[PDB]
Amino acid sequence: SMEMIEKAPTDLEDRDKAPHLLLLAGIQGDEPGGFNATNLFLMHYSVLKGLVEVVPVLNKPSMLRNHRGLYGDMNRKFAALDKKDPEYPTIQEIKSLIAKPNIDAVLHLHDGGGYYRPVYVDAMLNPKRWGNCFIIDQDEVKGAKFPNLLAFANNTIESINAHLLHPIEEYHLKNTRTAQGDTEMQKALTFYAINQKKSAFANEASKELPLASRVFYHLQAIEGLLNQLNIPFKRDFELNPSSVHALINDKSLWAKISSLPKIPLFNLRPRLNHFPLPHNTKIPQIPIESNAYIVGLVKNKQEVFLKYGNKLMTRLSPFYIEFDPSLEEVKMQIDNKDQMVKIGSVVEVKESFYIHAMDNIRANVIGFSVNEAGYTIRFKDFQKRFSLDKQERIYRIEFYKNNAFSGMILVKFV
Ligand SMILES: CC(=O)N[C@@H](C)C(=O)N[C@H](CCC(=O)N[C@@H](CCC[C@@H](N)C(=O)O)C(=O)O)C(=O)O
Ligand code: NA
Ligand code: NA
Ligand SMILES: [Zn+2]
């Protein structure tokens, strides 16, 4: 289930004041440098004129299973393709984005093995390898707004190479001269783009690099190309591997599953038991929201995994149950003060809480034992192993009516 997100200026008229870039990653589901780079771009950059359309992950089902491509190589499906291929509709969506008049340029991100060199050096460094290179299908595309691919590529490479972490990481140009007999690249995404008279580029980050360094180079390539296109932008951080690592591992990231409260992505216990999910609903249909763009759910054996790209954030052991939406709010005393707490919220507790009883609603405070409404509850009353978090501060309160699920509230002890 890929999606397209627009990064555009605040003033809608400014969209036509600079070029339009389509930024794509994750066509292989095991190349996280690309789709963590698109994720950070969406979360932390602003486009001040023009437009950058972003598909953060093209092959989302494969990403969720940490798999190169569950239905084969999606980047060989842009030429001949049987209408019955399982990804045929996804390919049509991708082609439609690429071919729209409102796109000038396309940048396709990949992670690749070893380090490309134009001459054979050794097993890791040679023309067959793909890491740390910037790729075009040909030097010029007649009829594009910016036909000079080579000039753009050379300048983008120069920009990246001004920021090398180690000298082995030096970027080189790879021109696949696709039209001149490269039957594999003839089936891939950027050649389709060139044939729609878009300027098209791919960036490769080496798989020999740690994720933060891969993402660093992908972001250098994006910035280099935006600079060549004269698409002005800002970002809310300094571009170095330390900062990239911090932003990937951002403790403010959350996931909201169905009508449940937001849970933090990071520092969840590895397994969460008896976790309510709506029954008779296929997992890909369960709404899941996040401030990140590469989060989802996927079935694995008898568990449901919460994924952040290729990272496993927790294993849900599901409790499939009817989600009754009639209960909107619950009266709770929080640190002596009565308040109406909405179902699906998180309430911070310094001292204590007390849930007011409701006639046909039963409350289970998970980790508290004696209906558990009508008890004054403090941190020392909790069995800490029932916490959602490694920090042992976040606990679930679940409401039932009374063979159906009426909702959840989280308490966080602060
Ligand atoms: C399909 C394949 O050859 N896989 C292995 C045996 C390999 O040689 N290299 C893999 C994959 C290389 C790769 O997938 N490289 C991309 C480049 C596409 C560039 C451009 N034409 C585009 O559409 O973005 C592609 O072959 O699809 C690696 O580096 O881990
Ligand atoms: Na070198
Ligand atoms: Na399904
Ligand atoms: Zn790839």
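Letter by letter, the sequence shown follows residues 2 to 415 of our numbering.
Ideal Cβ placement from N, Cα and C applies to all residues, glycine included.
Sub-8 Å separation of residue i and residue j beta-carbons
{"i": "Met333", "j": "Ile362", "result": "no"}
{"i": "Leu317", "j": "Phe276", "result": "yes"}
{"i": "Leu110", "j": "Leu248", "result": "no"}
{"i": "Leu261", "j": "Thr315", "result": "no"}
{"i": "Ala222", "j": "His246", "result": "no"}
{"i": "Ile367", "j": "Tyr401", "result": "no"}
{"i": "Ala358", "j": "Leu307", "result": "no"}
{"i": "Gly34", "j": "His173", "result": "no"}
{"i": "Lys252", "j": "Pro271", "result": "no"}
{"i": "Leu98", "j": "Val56", "result": "yes"}
{"i": "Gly30", "j": "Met64", "result": "yes"}
{"i": "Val305", "j": "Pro319", "result": "yes"}
{"i": "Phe406", "j": "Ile378", "result": "no"}
{"i": "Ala80", "j": "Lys8", "result": "no"}
{"i": "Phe202", "j": "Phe135", "result": "yes"}
{"i": "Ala163", "j": "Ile137", "result": "no"}
{"i": "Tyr72", "j": "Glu88", "result": "yes"}
{"i": "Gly310", "j": "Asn37", "result": "yes"}
{"i": "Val348", "j": "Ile410", "result": "yes"}
{"i": "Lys175", "j": "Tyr116", "result": "no"}
{"i": "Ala145", "j": "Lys199", "result": "yes"}
{"i": "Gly51", "j": "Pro102", "result": "no"}
{"i": "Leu254", "j": "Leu389", "result": "no"}
{"i": "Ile28", "j": "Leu240", "result": "no"}
{"i": "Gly113", "j": "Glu205", "result": "yes"}
{"i": "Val296", "j": "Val350", "result": "no"}
{"i": "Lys84", "j": "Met3", "result": "no"}
{"i": "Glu171", "j": "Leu165", "result": "yes"}
{"i": "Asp336", "j": "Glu352", "result": "yes"}
{"i": "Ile92", "j": "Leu82", "result": "yes"}
The beta strand (DSSP E) enclosing residue i, as first and last residue numbers
{"i": "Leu110", "result": "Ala106 to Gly113"}
{"i": "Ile362", "result": "Counting along the chain, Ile362 falls outside any beta strand (DSSP E), and DSSP gives it neither H nor E."}
{"i": "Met44", "result": "It is not in any beta strand (DSSP E) - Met44 instead sits in the alpha helix (DSSP H) that spans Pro33 to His45."}
{"i": "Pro319", "result": "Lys312 to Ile322"}
{"i": "residue 1", "result": "In the structure displayed, the chain extends from 2 to 415; residue 1 sits before or after that span and is not available."}
{"i": "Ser207", "result": "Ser200 to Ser207"}
{"i": "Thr184", "result": "Run containing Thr184: none; DSSP gives neither H nor E here."}
{"i": "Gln334", "result": "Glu330 to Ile335"}
{"i": "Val55", "result": "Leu52 to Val56"}
{"i": "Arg236", "result": "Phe234 to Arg236"}
{"i": "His21", "result": "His21 to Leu25"}
{"i": "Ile378", "result": "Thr377 to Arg379"}
{"i": "residue 418", "result": "The structure shown does not extend to residue 418, since the chain is modelled only from 2 through 415, so no value can be given for it."}
{"i": "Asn176", "result": "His173 to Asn176"}
{"i": "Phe406", "result": "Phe406 to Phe414"}
{"i": "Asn301", "result": "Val296 to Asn301"}
{"i": "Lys8", "result": "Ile6 to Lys8"}
{"i": "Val350", "result": "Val347 to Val350"}
Where the alpha helix (DSSP H) through residue i begins and ends
{"i": "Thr91", "result": "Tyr89 to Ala100"}
{"i": "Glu290", "result": "Taken as a continuous stretch (DSSP letters only), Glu290 belongs to no alpha helix (DSSP H), being part of the beta strand (DSSP E) at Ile289 to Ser291."}
{"i": "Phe192", "result": "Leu190 to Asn196"}
{"i": "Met64", "result": "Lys61 to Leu65"}
{"i": "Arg397", "result": "Where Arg397 is concerned, there is no enclosing alpha helix (DSSP H), although the beta strand (DSSP E) it sits in stretches over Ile395 to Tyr401."}
{"i": "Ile223", "result": "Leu212 to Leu230"}
Below 6 Å from a heavy atom of ligand 2 - residues by beta-carbon | With the cut-off at 6 Å, the residues found are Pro168, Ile169 and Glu171.
Go through the stretch 241-283 residue by residue and report every complete run of the alpha helix (DSSP H) that reaches 4 residues or more, in order.
-> If we require 4 residues or more, the alpha helix (DSSP H) runs fully inside the stretch 241-283 come out as 242-249.
What residue ranges within the stretch 106-164 form continuous beta strand (DSSP E) runs of no fewer than 3 residues, ordered along the chain?
-> List check, beta strand (DSSP E) in window: 106-113 and 134-137.
Chain-ordered list of residues that sit, by beta carbon, closer than 7 Å to a heavy atom of ligand 4 = That gives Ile28, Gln29, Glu32, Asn76, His111, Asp112 and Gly113.
Around ligand 3, Cβ to any heavy atom closer than 5 Å, ordered along the chain | For ligand 3, the selected residues are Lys283 and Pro285.
Can you find at least 3 beta carbon pairs, one from the stretch 228-235 and one from the stretch 119-131, that sit closer than 8 Å?
-> Contact between the stretch 228-235 and the stretch 119-131 is absent, because fewer than three Cβ pairs lie under 8 Å.
Within the chosen definition, does the stretch 36-46 reach the stretch 11-20 through at least 3 CB pairs nearer than 8 Å?
-> In this structure the stretch 36-46 does not lie against the stretch 11-20, because fewer than three pairs of beta carbons, one per stretch, are closer than 8 Å.
Given 8 Å, three or more beta-carbon pairs between the stretch 294-302 and the stretch 340-351 | By the C-beta criterion, the stretch 294-302 is judged not to be in contact with the stretch 340-351, since fewer than 3 inter-stretch pairs fall below 8 Å.
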